[PDB]
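So the structure is just underneath, and the comments pick up after that.
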Ligand SMILES: *[C@@H]1O[C@H](CO)[C@@H](O)[C@H](O)[C@H]1NC(C)=O
Ligand SMILES: *[C@@H]1O[C@H](CO)[C@@H](O)[C@H](O)[C@H]1NC(C)=O
Ligand SMILES: *[C@@H]1O[C@H](CO)[C@@H](O)[C@H](O)[C@H]1NC(C)=O
């Protein structure tokens, strides 16, 4: 994939092109079980040091089970309810009588198994930890008599190792009110996640996509606590299904565009708004305004469409003609005599104003470019850093082609006397009507 | 508790009612001690593998103590100073000579004990870990001679388990400059927190409230590091006292209300501001503008009044008459031809504009409602999801009654030519004076 | 250092003076190596409990190595690229053939060593964990034959302890796409960080500065994953170099300034903008608008100049004469009949409006000051808390001198009829031109 960039001198904005989409549009739920031991406290006149270590680890196991129980007695509402109704439907199905027995029977001989629940959902279940078998076979002979049997020291170490995953899963589920994201290796080991991906009802390119980007998959997944019932701890892992794949995506970068008069109080400014990620999606454009909601890897963007707005494809014409009548290109006009810079995919936009010292350097050649007052741009070819005032930024050294599209700054087309300055959420046509209305009060006068 | 909701078609806003408050108004401080061992390094010609393991764990203990020491030599200021003066007053009292000896003497025979400090505060102290007794009884005979004694392997495991809590407490206190929130199970185990709640000078309903919502209590608590002095590590846990209980609380949801003309550039919009949580409090209303500052459980809201504004109770009349002269109902008027949705407690508000495809579906019946252009609403009765453009939201399936309050959208009462569009922080009366002022320039002309 | 404060009654703002700077201007990169064992799976008819524990820990080691391998096959782009080009240049140099052999040879006999890479960077390398020596000397004799040798139980415990740091480093590098900040004790122990500081090519006062503020140094550092190659795991720790030291720094606090007419709808307001941290820097002022980007210790501020704007030193004259022609003092004018408070370094600003009950109390004397309507201030001398409505704030009890600079509130100099209210990003001169333009439409009429 070839990454290219285009700087528009007329609007002080840049577009980084050539990116491929992977937008989340669906969910795949899966049940993760941990087999627990329904045991009660036994005291057996025990004092041997190995028995003490075992009972200590057993009390940490009992407190972990009761803590998970108080999590299902009262579950605090979360801000994620608009994205977890699928996993929640699976957890509500699990509360029916006989359904946990159903997954418990299917996982009697194997760790993984497909189970058709009583709500029409054919989920993939697995058993990642078996504490009922371990406690009842290796531990119960110790606390289960008049005097305690002595366990070997290997059992003490193996049980602290096995019980550890229960304690960390209980910690993540406890602090997050039963809904965690991202999904940690405690909730699902990388081996278990990759094995779950291979067994999903998805295409082979989608298994290769999710398997090569497991950390992004984890960051776009949810782990939801279901129930502790009948010696079973069940929780749902909700994994993303990327319904939009390989559609063009581009990132818009914007910076203030002011006039450069030498007398303060006579300058006006404008800045394009709605900078962020754009991806073609189903005849429209999916826009991602928050900056961290889209993870980038090698020219592929992984977004969740729940963090998007749906815009007409004509929004791209703000990049080709900001004065274009098919879409009303949005701007803001607060004045700004302060310098700033934006590091793009293949270069840097610099808005230099006032007395600020703006420059672009190469590590071994020194200063190779000095920006004048106004908005300018430099590619990463031969440039390592950009300095604005007392701040030094690093330019991304990724390969690609930049194109400097020369053009007159549109802020110069505006009469300062009637310019509407201080517009927070405006548009090109909004500014033009405010100019026609301020010009009519002078036309009559 | 019955949750109800009301959608106001006239203002594109909804109010979710029926919630009970629990607002934090006071603090209960408590001292948590860890008994340390004032020991120095001893080298004893040791090479046996068990001795090596013990000295390794002992060096991790010494580095944890010196790290806590450099935390009290220089404590970085935190953004939490406006909420921890109570716990800080207890830590400053502890620095007096003889006060740490006082808590150290009261906890000579028991783990928990009430102590009257020299500043008039009767605090509940406890001793959650005893490393001085363990190191001096089980470890000192090993490093304390010409040649080292051999410890049994159970001691090596028990000491790594005991020293672990010191290392994790030191890690949380080190990365957070001595002030951590929420309070982790390392700072205070769930068993210790519940035991502390039972012993507090609070009513039995307040102990039941805090004990049934321990994770919310932890998230609204602070752990403050006090001192390492004379073989004692002391830190304060500051727990919330919920002075406002069972007062009505409601959540306001707002969405843009535009006109739906078919020609772009001729539409105006308004949006109610100050969406969030409202609770009746002491003759006024406590408003919570940040969304995540109030945790919800089963119809109970748990807020910290430090994240609130105090408003007159007439602010509720924006929900009954936005044109009401007792309170100046605030709005913003930026234009917005972009569609959006808000998931409420019992349904969903949809602002559909332009060509956006807005719908509400049931999982098995399909699309059951198509929104027209404008602001509309649908209850969760029979609805599972809402789709706006390329985005699908899940509707909360909580039981309650919704009421659709029909009314003419107030944006239709405004002449577009003189509407003040692009108002960031405005009000209904603010907009009306700007309309009277723009109408006077035309009245004379 | 003497901390002083100045409240300006005329503009409802305060300046906390007397702070010394430490601004980050450069980076010092360092290579951290972990010697790994290139081993493949061996199965040896083993069933003894100690052998099982060892093979389990060995599988967790192999999955940690393959997980780090999939992190270097595909590295997701991060939002930190503008600040890590130095460490990234070191990681790219490491990918050259023979360069990892170079650091591997220099660290053949010692843990720490200076290495001149093939890109002109003289970095300090160290070897914090040696798993190749441990696995090949203590573990290989177990899995390396027809039947497995039996390890002693001390080896099982020592290997779980040693392998633990690899698993936690792999976890932090996995969830963060190879770039972590702050730098944890797993990436670099406090002992290793202090040893690295002592060996840096910096002055003795800078080593004392960074050694006394290690947690702030960690929070302003980066750990970047380099490569797993030829039995070596290498990653770069990028530590801050504080190029600006002991320059004056001050913190500006602002609060709304309204008129106090008794009839709602007749009041206007203004609020100074650009509250935050200011530090003198290289003939200009470095301004830090985000509040948490500057850590404060004992009168020293530690900022990263990447989170700053560069302003002329005349910006300080907004504190002495807001009407001063050398710098256009910025304000916003949204109306606000809501009360609020700002806790400063030595007191509290209170903006009391409407019916709000504002007061300042001492813990033992009770209410000692009642604020009237308007903007006022109280020092921390004798004051413990400030209550505004239903909210109680704690006043910082730090010693210093406050100065109450009396003056007429400038909002009273404005005619309400022509005031531009609802200005989002304005200035004193911006407001004056809007008043001259609204007065010209009345002058002719
Ligand atoms: C301003 O007036 C000109 C002249 O008739 C017209 O062509 C233009 O469309 C007007 N602008 C707006 C935004 O109405
Ligand atoms: C606008 O003018 C009308 C007509 O006198 C008056 O009743 C109304 O109060 C005015 N609005 C404002 C906000 O002053
Ligand atoms: C407003 O008019 C006065 C009178 O001439 C003038 O002195 C002042 O500079 C003007 N203000 C602005 C911002 O132009």
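Calculate for the protein assembly as shown the 222 nm mean residue ellipticity that helices alone would give, adding -39,500 (n - 2.57) per DSSP H run of length 4 or more and normalising by residue count, nearest 500 deg cm²/dmol.
On the way: 30 runs with 342 residues, N = 1335.
Calculated at 222 nm, the ellipticity per residue is -8000 deg cm²/dmol.
What FRET efficiency do you get for residue B:47 and residue B:168 if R0 is 30 Å and r is their Cβ-Cβ distance, rounded to the nearest 0.05? Don't skip to the answer; put the middle values down first.
On the way: r = 30 Å, r/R0 = 1.01.
Here the calculated transfer efficiency is 0.50.
May I ask you to give the average projected area over all directions of the convex hull of the Cα atoms of region C:242-289, in nm² rounded to one decimal?
Directional mean of the projected Cα hull area for region C:242-289 stands at 4.5 nm².
What do you get for the angle between helix B:428-443 and the principal long axis of chain B? Use alpha-carbon atoms, 0 to 90 degrees, nearest ten.
Around 40 degrees separate the two axes.
Report the full-extension gain for the segment residue A:313 to residue A:109: residue separation times 0.36 nm, less the Cα-Cα distance, to one decimal in nm.
Working: separation 204, 0.36 × 204 = 73.44 nm, distance 5.36 nm.
Here the answer is 68.1 nm.
If you wrap a convex hull around the C-alpha atoms of the protein assembly as shown and split its volume per residue, what is the figure in Å³?
Cα-based convex hull of the protein assembly as shown, divided per residue, equals 187 Å³.
Tell me the volume per residue, in Å³, of the convex hull enclosing the alpha carbons of region B:27-241.
Looking at region B:27-241, the number lands at 126 Å³ per residue.
Report for chain B the percent antiparallel among DSSP-assigned beta bridges with both residues inside it, nearest 5. Could you put the intermediate results ahead of the total?
On the way: 79 of 95 bridges.
If I count the DSSP bridges inside chain B, around 85 percent turn out antiparallel.
So for chain B, averaging the separation of alpha carbon pairs under 8 Å that are six or more residues apart and normalising by length, what relative contact order in percent results?
23
Give the average, rounded to an integer, of partner chain Cβ atoms located within 10 angstrom of each Cβ in A:77-83.
Per residue, the average neighbour count from other chains is 6.
Considering only DSSP beta bridges with both partners in the protein assembly as shown, what is the antiparallel share in %, to the nearest 5?
85
Taking the rotation axis that maps chain A onto chain C, which residue of A brings its Cβ closest to that axis, and at what distance in whole Å?
Here the nearest residue and distance are A:424, 3.
How far apart are the residue B:74 label points across copies, placing each 7 Å from Cα toward Cβ, in nm, shortest first?
The answer, with the shortest distance listed first, is 4.4, 4.4 nm.
For peptide C:154-164, compute the average count of partner chain beta-carbon atoms within 10 Å of each residue's beta-carbon.
Mean shielding by partner chains, rounded to a whole number: 3.
Once you place label points 7 Å from the Cα toward the Cβ at residue A:56 and residue C:207, how far apart are they in nm?
For the pair residue A:56/residue C:207, the computed spacing is 4.1 nm.
Of C:378, C:418, C:15, which is the most mobile in a GNM of chain C whose springs link Cα atoms less than 10 angstrom apart?
C:418
Rounding to the nearest 10 and keeping the result within 0 to 90°, find how far the Cα-based axis of helix C:85-94 lies from the longest principal axis of chain C.
10
Against the globular-protein guess of 2.2 N^0.38 Å, express the Cα radius of gyration of chain C as a ratio, rounded to two decimals. Write out the running numbers ahead of the final one.
Numbers: Rg = 30.2 Å, N = 445, 2.2 N^0.38 = 22.3 Å.
This ratio for chain C stands at 1.35.
Give me the distance in nm between label points sitting 7 Å out from Cα along the Cα-to-Cβ direction at residue C:152 and residue B:150, one decimal.
0.9
What do you get when you divide the Cα radius of gyration of region C:163-262 by 2.2 N^0.38 Å, with N the number of residues?
My calculation over the Cα atoms of region C:163-262 gives 1.58.
Can you list, shortest first and in nm, the gaps between the label point of residue B:372 and those of its counterparts in the other copies, using a point 7 Å from Cα in the C-beta direction?
5.7, 5.7
Could you tell me how far the Cα centroid of region C:393-445 sits from the Cα centroid of region B:151-230, in Å?
49
On C-alpha positions alone, give me the angle between the axis of helix C:49-73 and the longest principal axis of chain C, in degrees, nearest 10.
Computed tilt is about 60 degrees.
How large is the convex hull of the C-alpha atoms of region A:249-320 per residue, in Å³?
Value for region A:249-320: 127 Å³ per residue.
Could you let me know the centre-to-centre spacing of region C:310-388 and region C:71-148, using Cα atoms, in angstrom?
54
With the label 7 angstrom out along Cα to Cβ, how close does residue A:205 come to the same site in each of the other copies, in nm, nearest first?
With the label placed 7 Å along Cα→Cβ, residue A:205 yields 6.3, 6.3 nm.
Viscosity 1.306 mPa s, temperature 10 °C: Stokes-Einstein D of region B:306-445 from its Kirkwood Cα radius, in µm² per second?
On the way: Rh = 17.7 Å.
Taking Rh from Cα pairs, D becomes 90 µm²/s.
Explain nothing, just the number: relative contact order of region A:32-241, from Cα pairs under 8 Å at least 6 residues apart, as a whole percent.
It comes to 34 percent, rounded to a whole number.
Can you pull the one-decimal nm distance between simple spin-label points at residue B:406 and residue C:432, each 7 Å off the Cα toward Cβ?
5.7
Since every read-out is calculated from the coordinates, none of them should be taken as a lab result. Cβ atoms come from the backbone with ideal geometry, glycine included; neighbour counts cover every protein chain shown.
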